[PDB]
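Here the sequence shown stands for residues 60 to 133, 137 to 220, 227 to 371, 380 to 439, 442 to 447, where the numbers follow the entry's author numbering.
So the structure is just underneath, and the comments pick up after that.
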Amino acid sequence: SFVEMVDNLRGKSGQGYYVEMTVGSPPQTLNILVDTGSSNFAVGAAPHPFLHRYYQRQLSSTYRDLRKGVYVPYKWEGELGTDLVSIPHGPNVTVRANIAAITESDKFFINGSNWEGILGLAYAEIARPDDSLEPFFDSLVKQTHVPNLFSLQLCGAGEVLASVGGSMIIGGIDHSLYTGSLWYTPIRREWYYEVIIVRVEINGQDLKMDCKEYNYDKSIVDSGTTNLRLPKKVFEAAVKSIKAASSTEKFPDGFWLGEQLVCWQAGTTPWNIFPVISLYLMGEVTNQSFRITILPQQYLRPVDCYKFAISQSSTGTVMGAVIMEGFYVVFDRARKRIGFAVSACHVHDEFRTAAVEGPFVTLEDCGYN
Ligand SMILES: NC1=NC(c2ccccc2)(c2ccccc2)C2=NCCCN12
């Protein structure tokens with residue numbers, strides 16, 4: 060029953076969402092980042108200044124060495143093996159999964175984030191060292207009767229970094245988690261969770277760009293990324309429009325670059341001054357699309381004071397947490413699609429709300447690749 064998976068996610072704002080997992084026998088408890096933007100189950104397996112716990116292979120009677128290392132610059139490196147893996151607040155099963163035991167790493171773990179490893183939920187194509195190393199979710203599906211699907215409701219927050233909650237529903241869709249209709253955009257290719265954006269508007273205003281720019285060189289849905297990340301040309305056009313809409317109030321360019329924080333005090337934030345942002349995603353039907361509309365409450369993340385959670389990308393559009401936090405997101409791997417619905421937990425004022433709305437007719443040459 061999915062009820063037992065509700066609120067199975069925790070995290071610190073900006074530091075990602077983690078689910079509790081156990082590895083080995085006896086079960087070693089670890090907090091593990093839910094990451095739809097990578098494909099390795101990788102866990103701290105040696106002391107680290109940011110690690111208070113780590114996977115200890117020698118303590119596990121069920122550990123099996125694959126005698127094969129992994130070096131992953133991008137860094138973390140480790141030793142491959144398999145072990146029994148469970149998710150206490152997830153499906154009631156245990157799986158023998160590939161585990162990359164991280165023995166050394168640079169700027170990989172985050173200080174104070176409270177997770178000790180990463181659960182790469184994307185596809186084998188991008189797994190390290192190569193695509194032969196079966197990803198956790200593939201193993202889970204193959205070894206159990208768990209349906210080939212999962213969904214994420216990331217809720218966010220709403227002196228110490230704010231705590232965020234959410235739910236990872238594995239093997240299905242929990243209707244209590246969203247309102248209205250689920251709209252689906254095709255997964256263009258099975259590596260990252262790649263999608264196509266066909267239009268974007270700021271406060272109703274079309275950016276009027278060739279839609280190839282929205283997906284240059286790709287667009288992906290990535291829970292392991294905090295920000296909405298946009299290709300250069302789109303970022304600039306987006307910031308311009310956002311600057312204009314919130315003109316009545318000047319902010320340092322350091323804020324727009326997402327380096328500096330801006331502050332008011334105790335519910336004086338002029339949300340209404342900032343525009344909503346609509347991303348139109350390719351629909352399941354050729355020239356049919358749908359939009360997800362996010363509020364400033366999503367793209368200004370709390371740090380009184382917030383940081384601009386829209387930033388520039390050189391590797392394509394990244395729809396990260398702040399985009400997902402508005403919605404219930406369905407990673408329908410079995411049907412190669414990703415659904416979006418308004419989340420039961422999304423943050424909104426008494427004038428606007430995050431929305432998922434369709435259809436809108438558009439007219442398929444938007445992918446780059
Ligand atoms: N999706 C995602 N996951 C990681 C990551 C997230 C958090 C901590 C450490 C690494 C990641 C994880 C494994 C391998 C490479 C990057 C990442 N790095 C920047 C782009 C977004 N991205």
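Note that the Cβ used here is the ideal one computed from N, Cα and C, for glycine as well.
Would you say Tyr133 touches ligand 1, meaning its beta carbon is less than 6 angstroms from a heavy atom?
yes
Report the rounded CA-to-CA distance for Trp339 versus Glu327, giving the unit in angstroms.
20 angstroms
Spatial distance of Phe436 from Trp251 (CA atoms)
12 angstroms
Three-way DSSP call (helix, strand, coil) for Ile91 in this model:
strand
Contact set for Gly75: own chain, Cβ-Cβ below 8 angstroms, skip 5 residues either direction
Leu92, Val93, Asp94, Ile172, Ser175, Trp177, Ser291, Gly292, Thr294, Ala397
Residue span of the beta strand (DSSP E) that contains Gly128, given as start and end:
123-131
Enumerate in chain order the residues of its own chain whose CB-to-CB distance from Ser387 is below 6 angstroms, with the five nearest sequence positions on each side excluded.
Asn295, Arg297, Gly326
One question on the structure: do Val102 and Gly233 come within less than 7 angstroms of each other, judged by their Cβ atoms?
no
Give me the residue from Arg369, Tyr284, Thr165 with the minimum Cα distance to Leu229.
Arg369
Would you report the Cα separation of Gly248 and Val418, rounded to the nearest angstrom?
7 angstroms
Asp192: beta carbon under 6 angstroms from a heavy atom of ligand 1?
no
If I measure Cβ to Cβ from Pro153 and keep anything under 6 angstroms in the same chain, skipping five residues before and after, which residues do I get?
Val208, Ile238, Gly239
beta-carbon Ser97 near ligand 1 non-hydrogen atom, thresh 6 angstroms:
yes
Is any non-hydrogen atom of ligand 1 found closer than 6 angstroms to the C-beta of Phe170, if you look at the structure I gave you?
yes
Grab the span of the alpha helix (DSSP H) containing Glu227 for me, first residue to last.
Where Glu227 is concerned, there is no enclosing alpha helix (DSSP H), given that its DSSP letter is neither H nor E.
So, are the CB atoms of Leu363 and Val344 less than 7 angstroms apart?
yes
Contact between the stretch 104-114 and the stretch 403-417 (3+ Cβ pairs under 8 angstroms):
no
Which of the three DSSP states, helix, strand or coil, is assigned to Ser309?
helix
Give the range of the alpha helix (DSSP H) segment to which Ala397 is assigned.
397-400
If we ignore side chains and look at the alpha-carbon of each, how far apart do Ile399 and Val82 end up?
31 angstroms
Between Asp274, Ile161, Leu216, which lies nearest to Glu196 when the distance is taken from Cα to Cα?
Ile161
Let me check one thing: in DSSP terms, what residues is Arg69 bridge-paired to?
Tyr77, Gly233
Distance, Cα to Cα, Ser97 vs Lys286?
15 angstroms
Of all the options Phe323, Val371, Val406, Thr354, which has the alpha carbon lying nearest to the alpha carbon of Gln333?
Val371
Beta-carbon within less than 6 angstroms of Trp259's beta-carbon, same chain only, minus the 5 sequence neighbours each way: which residues are those?
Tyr185, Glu187, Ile188
Collapsed DSSP secondary structure at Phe319 in the structure displayed
coil
Please state whether DSSP places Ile341 in a helix, a strand or coil.
helix
Express the C-alpha separation of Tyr446 and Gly434 in angstroms, rounding to a whole number.
24 angstroms
Determine the direct distance from the alpha carbon of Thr354 to that of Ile149, and round the result to whole angstroms.
38 angstroms
Nearest residue (CA-CA) to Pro254, options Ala313, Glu79, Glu352
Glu352
Measuring straight from C-alpha to C-alpha, what distance separates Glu227 and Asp380?
11 angstroms
Excluding the 5 residues flanking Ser167 on each side, which residues of the same chain have their C-beta closer than 6 angstroms to its C-beta?
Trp138
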